[PDB]
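J.: Encoded as structure tokens, here's the structure I'll be asking about.
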Amino acid sequence: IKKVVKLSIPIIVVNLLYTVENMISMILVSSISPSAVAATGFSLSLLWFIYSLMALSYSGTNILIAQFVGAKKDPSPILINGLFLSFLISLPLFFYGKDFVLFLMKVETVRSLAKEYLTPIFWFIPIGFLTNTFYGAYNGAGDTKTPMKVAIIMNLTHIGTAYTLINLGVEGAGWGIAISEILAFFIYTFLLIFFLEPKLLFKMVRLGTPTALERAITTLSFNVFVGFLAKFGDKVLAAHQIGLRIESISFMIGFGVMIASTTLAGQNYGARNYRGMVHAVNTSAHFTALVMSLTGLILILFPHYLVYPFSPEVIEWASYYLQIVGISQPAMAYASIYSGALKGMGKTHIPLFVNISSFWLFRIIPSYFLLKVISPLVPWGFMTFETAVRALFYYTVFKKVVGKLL
């Protein structure tokens, strides 16, 4: 009856582009010197700790622009302050990005290879933060295909510039990244020839700081979860990335649907139309529930038919993942639609408490007590469905917010 796929599908393609290009950055820098992947791998773990500050300017911009779009009000002050906020947040990371990543290798030449590969990035993260503001800008207004063809261009300009500059060695890998980042920025900046007070900038920090603490603390909860499964040999530890690469790609359906709701619940919140918002997230819940069920069920019925690409013991252990995580997919559908609908409703502090509570005292503490007494099916077990409930039964929070908001 509605048009949520109009917003979610192009965002998933950008995410599909986000994941396809990251996996290509694996093979483009794994041709010569196999010891250089440690530079690539150990960078993104710190990059995801670094790119936790994106949400500071991203969430503040994606939410406040969407709310103003539904409210018909002018989003130009939010746009000019969004890029300014990202530019302010990029100012310390410009200088403190060079030495902090080099020191955060404690987790003589194993780390010196990332020095040359990451430096062209740290020169143009200030040019990167602005595009993360631009992505939240178009995602807040509704026009979600303009950021896709920009992603398409940026994806194919990198893989072009990467393969060109690698085949410099590893510095051209980071240089293919920076060239595409600034290019899409120039594309975006050139698109501003076609289509302000401090108090507004002050509030965007109030919407980004809880969301920046979400993707930053989650990094600490992820680093220990994989650390649970080193005591189970190499067959299992080599079955995670076979399961993650399949799940991280299958998870982009919700992340896109999430932002599809971060805008849709945002515009209708600003338009004073509770008939337009409660129906959407309810239908976008059932729609993604029935969609992610077609995805997660295909994982369970066809295990080896999907692990086989990069796989017999590993076929056995990885199938016990796809089948097992494939059960939580109906709740990831119910997850990204809830904790993303309350982002668009200005209550960004609420999803902060959601994921901290679901991850920790449901996925982690129960695993460590049952892993030290049992098997890699123990974490994955409580990792799947068993946590999904805190993503499921938290509609209550949604259903007690609006039910009293009327």
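J.: Which of the residues that make up the range 263-275 are within 19 Å of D143 (Cα to Cα) and either polar (S, T, N, Q) or assigned to a helix (DSSP H, G or I) (or both)? First the steps, then the outcome.
T.: Going residue by residue through the range 263-275, those that are within 19 Å of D143 (Cα to Cα) are 263-271.
Answer for the range 263-275, where residues must be within 19 Å of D143 (Cα to Cα) and either polar (S, T, N, Q) or assigned to a helix (DSSP H, G or I) (or both): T263, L264, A265, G266, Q267, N268, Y269, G270.
J.: Considering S45, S35, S59, which residue is buried (at least 19 other Cβ atoms within 10 Å of the Cβ) and in a helix (DSSP H, G or I)? Give the steps one after another, and end with the answer.
T.: Working: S45 fails: buried (at least 19 other Cβ atoms within 10 Å of the Cβ); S35 fails: buried (at least 19 other Cβ atoms within 10 Å of the Cβ).
Only one candidate qualifies: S59.
J.: Go through the range 19-32 and give me each residue that's surrounded by 18 or more Cβ atoms within 10 Å (Cβ to Cβ) and outside any loop (DSSP other than H, G, I, E, B). Before you say what the answer is, go through the steps one by one.
T.: Step one: list which residues in the range 19-32 are surrounded by 18 or more Cβ atoms within 10 Å (Cβ to Cβ), which gives 21, 25, 28-29.
Result: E21, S25, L28.
J.: Looking at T61, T133, which is the one that is farther than 30 Å from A36 by Cβ, among the polar types (S, T, N, Q) and in contact with a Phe, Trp or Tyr (Cβ under 8 Å, 6 or more places away or on another chain)?
T.: One residue alone meets the criteria, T133.
J.: Ok, one more. All but one of (1) touching an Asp or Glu at 6+ places or on another chain (Cβ under 9 Å); (2) crowded, with 17+ Cβ neighbours inside 10 Å; (3) more than 22 Å from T19 (Cα to Cα) hold for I356; which doesn't?
T.: Status for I356: all satisfied but (2).
J.: Please specify each residue of the range 172-215 satisfying the condition of being aliphatic (A, V, I, L, M) and either in contact with a strand residue (DSSP E or B) (Cβ under 7 Å, 6 or more places away or on another chain) or closer than 30 Å to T161 by Cα (or both).
T.: Initially, the range 172-215 is screened for residues aliphatic (A, V, I, L, M), giving 173, 177-179, 182-184, 187, 191-193, 196, 200-201, 204-205, 207, 212-213.
Listed by number, the residues that qualify are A173, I177, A178, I179, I182, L183, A184, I187, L191, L192, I193.
J.: Out of the residues in the range 267-325 that are surrounded by fewer than 21 Cβ atoms within 10 Å (Cβ to Cβ) and among the hydroxyl-bearing types (S, T, Y), which is farthest from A71 (Cα to Cα)?
T.: Per the stated criteria, the residue is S311.
J.: Also, I was wondering about something else. Look through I242, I259, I249 and report the one residue that is farther than 19 Å from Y138 by Cα, crowded, with 19+ Cβ neighbours inside 10 Å, touching a helix residue (DSSP H, G or I) at 6+ places or on another chain (Cβ under 6 Å) and among the β-branched types (V, I, T).
T.: Values: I259 fails: farther than 19 Å from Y138 by Cα; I249 fails: crowded, with 19+ Cβ neighbours inside 10 Å.
Just a single option satisfies the conditions, and that option is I242.
J.: Hey, another quick one. Identify all residues within the range 267-299 that are of a type in the set (G, A, S) and over 9 Å from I337 (Cβ atoms); write none if there are none.
T.: Taking the range 267-299 first, the residues of a type in the set (G, A, S) are 270-271, 276, 280, 284-285, 289, 293, 296.
Answer for the range 267-299, where residues must be of a type in the set (G, A, S) and over 9 Å from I337 (Cβ atoms): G270, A271, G276, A280, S293, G296.
J.: For the subset of the range 139-154 comprising residues that are within 17 Å of the chain's Cα centre (by Cα) and not in a loop (DSSP other than H, G, I, E, B), which member is surrounded by the most Cβ atoms within 10 Å (Cβ to Cβ)? Steps first, please.
T.: Taking the range 139-154 and keeping what is within 17 Å of the chain's Cα centre (by Cα), we get 139-140, 144, 147-148, 151.
Next, from what is left, pick out any that are not in a loop (DSSP other than H, G, I, E, B): 139-140, 147-148, 151.
Values: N139: 28, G140: 30, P147: 23, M148: 20, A151: 23.
Out of the qualifying residues, it is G140.
J.: Oh, and also: Only residues that are over 19 Å from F129 (Cβ atoms) and either buried (at least 18 other Cβ atoms within 10 Å of the Cβ) or among the aromatic types (F, W, Y) (or both): list them for the range 194-209, please.
T.: The answer is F194, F195.
J.: Checking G169 against (1) part of a helix (DSSP H, G or I); (2) over 20 Å from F49 (Cβ atoms); (3) of a type outside the set (S, T, Y), which single condition isn't satisfied?
T.: (1)
J.: How do the pairs read when you match residues in the range 72-83 that are more than 15 Å from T263 (Cβ to Cβ) with residues anywhere that are surrounded by 15 or more Cβ atoms within 10 Å (Cβ to Cβ) and among the β-branched types (V, I, T), using Cβ under 9 Å and keeping only pairs 6 or more apart or on different chains?
T.: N81/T61; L83/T61; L83/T133
Every number here is computed from the coordinates shown, using simple stated rules; none is lab data. So basically every Cβ, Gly included, is an ideal-geometry build from the backbone, and we count neighbours across all protein chains shown.
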